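Comments concern the structure below.
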Amino acid sequence: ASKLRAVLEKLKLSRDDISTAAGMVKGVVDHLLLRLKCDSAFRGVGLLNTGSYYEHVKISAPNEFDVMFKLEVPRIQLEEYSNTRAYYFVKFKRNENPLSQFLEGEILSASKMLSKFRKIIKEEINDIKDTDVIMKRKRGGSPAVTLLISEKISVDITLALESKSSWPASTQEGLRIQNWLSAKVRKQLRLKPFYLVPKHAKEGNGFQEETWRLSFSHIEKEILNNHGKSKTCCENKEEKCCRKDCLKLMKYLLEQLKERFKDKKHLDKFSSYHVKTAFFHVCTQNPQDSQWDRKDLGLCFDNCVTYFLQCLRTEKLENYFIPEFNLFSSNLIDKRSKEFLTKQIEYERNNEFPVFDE
Ligand SMILES: Nc1nc(=O)c2ncn([C@@H]3O[C@@H]4COP(=O)(O)O[C@H]5[C@@H](O)[C@H](n6cnc7c(N)ncnc76)O[C@@H]5COP(=O)(O)O[C@@H]3[C@@H]4O)c2[nH]1
Ligand SMILES: [Zn+2]
């Protein structure tokens with residue numbers, strides 16, 4: 001526990017780097033919001049509130065940042081890419097929109113949208129003269145256009161259609177927070193927009209470049225900051241839970257494991273979204289603030305680690321919002337690599353976590 005307090009103390013020692021670093025990110029992002037609004041399609045574009053540093057800037061890892069550009073898109077009609085409960089075709093309600101230039105039938109093409117997004121951004125980068133910034137569009141069908149700044153700091157930018165209609169059927173039994181946050185809050189949250197991002201649905205070898213995927217990062221941000229059964233959790237000397245510290249340690253335990261196997265990238269498919277998602281399932285499972293007292297940090301950390309282990313062991317980690325979307329299927333992650341991480345976390349848990357030593 002005091003070993004873990006030590007670990008949290010160290011992480012705090014870099015709270016000011018990711019302060020100044022994030023101020024660069026916010027600075028560049030604003031340049032983009034200007035040029036994109038000039039375009040007719042992306043006219044009503046704006047920043048989505050998903051991050052802690054500077055209100056729109058999310059931190060996934062040290063020196064990795066994350067921004068969502070939301071775009072209001074009236075009259076959405078969804079067609080599920082069937083049996084893949086998170087992936088959707090997108091249609092307008094038949095009568096005209098400016099997004100017209102991206103249709104492929106009755107369908108809004110994701111990659112067609114993504115392509116113009118990119119040329120607009122790549123064009124602003126080829127113009128700015130103060131800083132050296134570059135493009136890194138590399139990874140496997142990601143919706144993220146990724147900028148790199150002064151060879152140190154990297155930003156994921158995501159286009160996000162905003163639908164203000166009722167969440168789709170695949171989320172009906174998701175966001176199971178009624179025991180934790182309340183039936184009341186779940187109705188409030190599920191009244192809020194949802195977002196579609198242009199991560200395409202695989203077709204085996206390639207993709208289906210007209211399919212979007214659901215996102216709820218703004219809900220994730222809210223249930224992280226408004227995290228207690230008590231409405232006054234973490235607001236006074238008497239209600240200090242360790243919920244946020246427990247998510248930080250989990251994210252950090254994954255990053256340290258990832259460095260140790262930097263040789264062959266044996267764990268490269270694991271992700272802080274996996275640790276976050278699993279941490280939400282624990283909160284659902286332990287709903288009371290009494291179950292996250294601050295002086296019980298070591299116990300709470302174990303609770304998080306075992307459920308993660310169990311998720312790796314069972315090859316099942318449900319998306320928090322779409323219960324039939326299994327982030328740990330073999331569609332997505334090989335049997336072999338999940339075995340790998342179970343062995344290394346199991347050992348880490350059984351020996352007071354030597355990965356956190358000096
Ligand atoms: N900035 C950003 N926002 C996204 O929504 C997102 N979705 C994918 N990616 C990247 O595309 C690639 C494809 O991974 P896949 O989608 O098959 O599994 C993903 C994805 O299902 C899930 N995930 C990550 N972010 C989100 C998110 N905001 N909403 C839902 N699921 C997410 O966790 C898995 C690990 O992905 P990452 O390894 O962290 O980055 C992925 C990866 O590079 C994203 N990058
Ligand atoms: Zn709290």
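Remember, it's 1-based here, ligands and their atoms both numbered in the order they're listed. Sequential numbering from 1 along the given sequence is applied to the chain's residues. Quick note: numbers below take in every heavy atom, side chains included, and nothing from hydrogens, waters or symmetry partners.
- With hydrogens and angles ignored, the 3.5 Å screen pairs no side-chain donor or acceptor of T171 with any backbone N or O of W167.
- For atom 13 (C) of ligand 1, the nearest protein heavy atom (residue, atom name, distance) is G140 O, 4.0 Å.
- Of all atoms in ligand 1, numbered sequentially from 1 with element shown, those under 4.0 Å from a heavy atom of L332 are 17 (O).
- Per-atom contact check: atom 41 (C) of ligand 1 does not touch the protein, criterion being a heavy-atom distance below 4.0 Å.
- Here is the list of ligand 1 atoms found below 4.0 Å of a heavy atom in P143: 4 (C), 6 (C), 7 (N), 8 (C), 9 (N), 44 (C).
- Of all atoms in ligand 1, numbered sequentially from 1 with element shown, those under 4.0 Å from a heavy atom of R139 are 43 (O).
- Atoms of ligand 1 lying under 4.0 Å from any heavy atom of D156, numbered from 1 in the order shown and given with element: 1 (N), 2 (C), 45 (N).
- For a distance bound of 2.8 Å, the N, O or S atoms of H227 include one lying that close to the Zn ion (ligand 2).
- Within the 3.5 Å criterion, the main-chain N or O of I322 finds a donor-acceptor partner in the side chain of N319.
- Between the side chain of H31 and the backbone N or O of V28, no donor-acceptor pair lies under 3.5 Å.
- Side-chain atoms of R186 come within 3.5 Å of backbone atoms of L175 as a donor-acceptor pair (strictly under, hydrogens ignored).
- Residue-ligand proximity, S142 to ligand 1, at heavy-atom distances under 4.0 Å covers atoms 9 (N), 10 (C), 11 (O), 44 (C), 45 (N).
- Applying the 4.0 Å criterion to heavy atoms of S217 picks out, from ligand 1, the atoms 28 (N).
- Heavy-atom proximity to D66, at under 4.0 Å, picks out these atoms of ligand 1: 1 (N).
- Looking at atom 22 (C) of ligand 1, its nearest protein heavy atom turns out to be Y273 CD2, 3.5 Å.
- If you look at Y252 and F356, their ring centroids are closer than 6.0 Å.
- Of all heavy-atom pairs between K164 and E162, the closest is CE-OE2, 3.1 Å.
- When only non-hydrogen protein atoms are considered, atom 3 (N) of ligand 1 lies nearest to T158 OG1, 4.1 Å.
- Contact between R243 and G228 at its shortest, heavy atoms only, is NH1-CA, 3.8 Å.
- Annotation for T146 and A144: closest pair CG2-O, 3.5 Å, computed over non-hydrogen atoms.
- Of the protein's heavy atoms, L327 CD2, 3.9 Å lies nearest to atom 21 (O) of ligand 1.
- Distance check on atom 5 (O) of ligand 1: some protein heavy atom falls below the 4.0 Å cut-off.
- Residue contacts with ligand 1, taken as heavy atom pairs separated by less than 4.0 Å, involve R213 solely via side-chain atoms from C-beta onward.
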Exercise for the section: I would like to know whether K12 and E9 meet salt bridge (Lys or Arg N to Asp or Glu O under 4.0 Å); could you show each step before the answer? Expected result: CA-CA 5 Å; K12 293 202 280 193; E9 287 300 306; 3.1 Å; yes
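- With ring centers used as reference points, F353 lies under 6.0 Å from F301.
- For an aromatic pair to be called close, the ring centres must be under 6.0 Å apart, and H266 with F340 satisfies this.
- In terms of polar-atom proximity, defined here as any N/O pair under 3.5 Å, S271 does make such a contact with ligand 1.
- Per-residue contacts place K199 under 4.0 angstrom from the following atoms of ligand 1 (heavy atoms of the residue considered): 16 (O), 17 (O).
- For atom 19 (C) of ligand 1, no protein heavy-atom neighbour is present inside the 4.0 Å cut-off.
- Between the side chain of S109 and the backbone N or O of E209, at least one donor-acceptor pair lies under 3.5 Å.
- Atom 34 (C) of ligand 1 has its closest protein heavy atom at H274 NE2, 4.0 Å.
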